[PDB]
Structure formats: C-alpha cells, structure tokens
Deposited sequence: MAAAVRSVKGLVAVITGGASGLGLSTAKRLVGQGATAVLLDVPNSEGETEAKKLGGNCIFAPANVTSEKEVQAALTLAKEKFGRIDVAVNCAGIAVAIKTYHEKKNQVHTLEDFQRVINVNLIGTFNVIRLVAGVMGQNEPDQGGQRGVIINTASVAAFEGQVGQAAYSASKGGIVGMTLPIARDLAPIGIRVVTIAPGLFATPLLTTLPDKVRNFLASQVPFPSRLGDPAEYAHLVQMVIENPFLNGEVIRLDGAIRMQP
C-alpha cells in the first residue's frame, strides 16, 4: 500500500513521471509534480484533483528545487518518496566523418547538467527532508527512485552524451544507498528500454507502456529489502549500434 504517502516526482508533467503520478494518486497517495514553468504541469495537476499539486522548478537550480520541497512539506506535512524522471536527450556523433563535424563541448555539458547533476541536486536536498521523519517500525524514513536507461549498458551510435549521463546515475546508486543507510533511506534505479512517450523487442514486441513503468515504481516503494540495485525494464531487448 502507498495510501497516504507523499511523493515528489520530477518531470511529472509528461510521459513516465505523469503516468507515475496518475497511478500513485489513484491508489490514495499525494503527489507533487516538479517540472519547468512552460510545461503542462498546472493543468495535469488540476485534472488529477486536490491530492496533486504543481510546483514549477528547474532541477539544475538549487534555489528552485529547495522552494518546491518547502512547498510540498508545508502543504502535506512531510515527504516520503522522491522519483527522478526529469531528463533530455540528443543524437550527435563524437566525430562525423562525412560532414567533418566534431561534437561540441557545450552540447555534452548540457545533457550532463540536466540528467546527472540535476538528479543529484534533487537527491541531496530531499535526503535532509526525509531525515526529519520518524522511523517506521522497520527503521525506514524514505525511498528514492532514479531513472537511468539501457543506454548506460549498450549506448548506440550518436548517444555518447546521453549514455555518459545515465552511466553516471548507475555508478552513484550504490555509494548513495551506503551513505543513507544510517538514516533508513533506500536508493534504487530503474533502466527503461524503449517506451511510448513524447521490431527490435523480443516480447512483448512493442514499445513499453508508461503505465508499466509506474507499476514497477509502486513495487519498489512497497518492498522493504530492495536497495542499491538497478533494474532493466525493456522486454528483453539488447541495443544494436
């Protein structure tokens, strides 16, 4: 049961984060959608009812993230779960022979900044807020769930920046779970294959449905012994160049 838990979901105005908010609110939880101001955040939070609110913030900004977390804790009293779905992608080769073009340093830095530095920024600030909760009967104070990708393991031609950012999330999953063990905060990462959001797959032979990602997030929230691990959700695909 997720009934009564309070969750903050980055990238909550669209695709995987939105579908995660719809499932948890439908099971009795409260959700805060953290997304940029020009998104559809406000009207999705209105459609979802009085137990879902919108908080505008860019995940690379310390000040905007801090204000969104303060808002959640005042509206709902505490924070129990955080899910990181905010992210961007590009498709640019390291070096393109035919156009004789070199990947810019600025396009690499931008993808690292939103995807990897932005996910650590949310984790570092939300951990101190969860630390304020009273431990449940098993010593737990919170759960943090991150979104990597199968490109951390089989990155394709044109994915060097994206793959570097997602491999960085995979790499920090264990040390962050070991750091937060003493205060009872579990840290788990999901790595999606190809999903239908804004025939290579063995079975089922189709794009993933965002509601299948949401079901896996609920399982992770409910199981108390899952921690410091990365789980592939991809219909058994292995990516080719």
Q: Spell out the unmodelled ranges of the deposited sequence for me, N- to C-terminal, numbering from the first residue.
A: 1-6, 205-218
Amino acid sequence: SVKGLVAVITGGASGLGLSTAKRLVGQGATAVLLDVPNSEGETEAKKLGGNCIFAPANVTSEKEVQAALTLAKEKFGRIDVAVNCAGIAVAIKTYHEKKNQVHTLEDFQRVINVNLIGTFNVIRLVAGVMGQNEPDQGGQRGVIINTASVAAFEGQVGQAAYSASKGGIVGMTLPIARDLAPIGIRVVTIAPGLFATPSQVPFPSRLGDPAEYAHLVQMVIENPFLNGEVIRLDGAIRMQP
From here on, numbers count along this sequence of modelled residues.
Q) Taking the recorded C-alpha temperature factors, which stretch has the higher mean, 75-83 or 115-123? A) 75-83
Q: Compare the mean C-alpha B-factor of 161-169 with that of 92-100 as given in the PDB entry, and name the stretch with the higher value.
A: 92-100
Q: Using the entry's values, work out which of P175, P210, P204, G193 has the largest Cα B factor.
A: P204
Q: Could you check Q156, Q109, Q132, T147 and tell me which one carries the biggest Cα B-factor in the deposited entry?
A: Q132
Q: Could you look up the Cα B-factor of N38 in the entry and say which third of the chain it sits in: lowest, middle or highest?
A: highest
**Q.** Relative C-alpha B-factor of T60, binned into the chain's lowest, middle or highest third
**A.** middle
Q: For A68, return the chain-relative third of its C-alpha B-factor as stated in the PDB record: lowest, middle or highest.
A: middle
Q. Going by what the PDB entry lists, where does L216 fall on CA B-factor within its chain: lowest, middle or highest third?
A. lowest
Q) Sorting the chain's CA B-factors, does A181 end up in the lowest, middle or highest third? A) middle
